[PDB]
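First up is the structure itself, then whatever we jot down about it.
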Amino acid sequence: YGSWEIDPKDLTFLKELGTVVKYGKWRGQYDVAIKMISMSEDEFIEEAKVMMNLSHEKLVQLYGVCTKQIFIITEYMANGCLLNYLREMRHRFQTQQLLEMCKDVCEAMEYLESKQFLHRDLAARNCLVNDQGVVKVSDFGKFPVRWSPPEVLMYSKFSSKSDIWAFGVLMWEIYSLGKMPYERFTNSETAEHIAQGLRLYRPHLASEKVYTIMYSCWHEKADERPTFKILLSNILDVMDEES
Ligand SMILES: COc1cc2c(cc1NS(C)(=O)=O)=CC1=C(NCc3c(C)cccc3C)N=NC=21
Numbered sequence: 392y393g394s395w396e397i398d399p400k401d402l403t404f405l406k407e408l409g410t415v416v417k418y419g420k421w422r423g424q425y426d427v428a429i430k431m432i436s437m438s439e440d441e442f443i444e445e446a447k448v449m450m451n452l453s454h455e456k457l458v459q460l461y462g463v464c465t466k467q470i471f472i473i474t475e476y477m478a479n480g481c482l483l484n485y486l487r488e489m490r491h492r493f494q495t496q497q498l499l500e501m502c503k504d505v506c507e508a509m510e511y512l513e514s515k516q517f518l519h520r521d522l523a524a525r526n527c528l529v530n531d532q533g534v535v536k537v538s539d540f541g558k559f560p561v562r563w564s565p566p567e568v569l570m571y572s573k574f575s576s577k578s579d580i581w582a583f584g585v586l587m588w589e590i591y592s593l594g595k596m597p598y599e600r601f602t603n604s605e606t607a608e609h610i611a612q613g614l615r616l617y618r619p620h621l622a623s624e625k626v627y628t629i630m631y632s633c634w635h636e637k638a639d640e641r642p643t644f645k646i647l648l649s650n651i652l653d654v655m656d657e658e659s
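Throughout the sequence shown, residue numbering follows the entry's author numbering, covering 392 to 410, 415 to 432, 436 to 467, 470 to 541, 558 to 659 in sequence.
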């Protein structure tokens, strides 16, 4: 490509993470994740356009690519995926830590909103957590019914406000410590119940103020839902009030 092209001689593979993605070192000093690529050349080149043109502190940062063989090299996120990070009971989270996980994602989403980029799959499983516990959204490129507003499920109407909906569900995931949304319903029953105006209950760890913020993401009318800029302000206000 250009400066984005990484010499694969400078990569050291140290451990396998999952599926294939491996932990490694770049030029000796830099900790990295290395994805072995499945997908066509047109589908890769479009996914490259996104990663190379978007950059924020709370988005998983591309470092480079190896396209003369193929690897995608990124920022390393020591604590792995957010959903599993939440589920590990050893952490024993204070509620302030949980609100700060929401703020991180919201900052990422407010950036993506400012660039008119639609994420389309915001959920805890697609967020990663670094060594300092900072949560970052994977912009990179089984329908996610439980994260979808009614206008997506019925009409496939995607917009900034369907990401907002999803973010609300992501907050719920965080405050429930990584439970499945609507865990006792099927996907089909979830789509029916949300059409009838049913919404997720307030998790015990979520205060009334925090719950109001996540609930504002689930208004039936898409245009009644806030922007990510508004949500960020509301989160910041609660952080100052409740701590
Ligand atoms: C150690 O824990 C982990 C850490 C990471 C991780 C998975 C785990 N383990 S697990 C499977 O969750 O149990 C995936 C990444 C990643 N970026 C991945 C990525 C690359 C390389 C290229 C393009 C797009 C993306 C999203 N940076 N750090 C981690």
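Virtual Cβ for every residue (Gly too), placed ideally from N, Cα, C.
In three-state terms, what does DSSP make of residue i?
{"i": "residue 431", "result": "strand"}
{"i": "residue 599", "result": "coil"}
{"i": "residue 636", "result": "coil"}
{"i": "residue 404", "result": "strand"}
{"i": "residue 418", "result": "strand"}
{"i": "residue 584", "result": "helix"}
{"i": "residue 471", "result": "strand"}
{"i": "residue 536", "result": "strand"}
{"i": "residue 522", "result": "coil"}
{"i": "residue 529", "result": "strand"}
{"i": "residue 499", "result": "helix"}
Would you mind sorting residue i into buried or exposed? The rule is 16 or more other CB atoms within 10 Å of its CB.
{"i": "residue 639", "result": "exposed"}
{"i": "residue 456", "result": "buried"}
{"i": "residue 577", "result": "buried"}
{"i": "residue 409", "result": "exposed"}
{"i": "residue 526", "result": "buried"}
{"i": "residue 466", "result": "exposed"}
{"i": "residue 607", "result": "buried"}
{"i": "residue 448", "result": "exposed"}
{"i": "residue 536", "result": "buried"}
{"i": "residue 620", "result": "exposed"}
{"i": "residue 423", "result": "exposed"}
{"i": "residue 652", "result": "exposed"}
Could you give the distance in angstroms between the alpha-carbon of residue i and the alpha-carbon of residue j?
{"i": "residue 626", "j": "residue 393", "result": "45 Å"}
{"i": "residue 644", "j": "residue 581", "result": "11 Å"}
{"i": "residue 616", "j": "residue 529", "result": "25 Å"}
{"i": "residue 395", "j": "residue 461", "result": "7 Å"}
{"i": "residue 499", "j": "residue 400", "result": "41 Å"}
{"i": "residue 442", "j": "residue 415", "result": "16 Å"}
{"i": "residue 480", "j": "residue 650", "result": "28 Å"}
{"i": "residue 585", "j": "residue 592", "result": "10 Å"}
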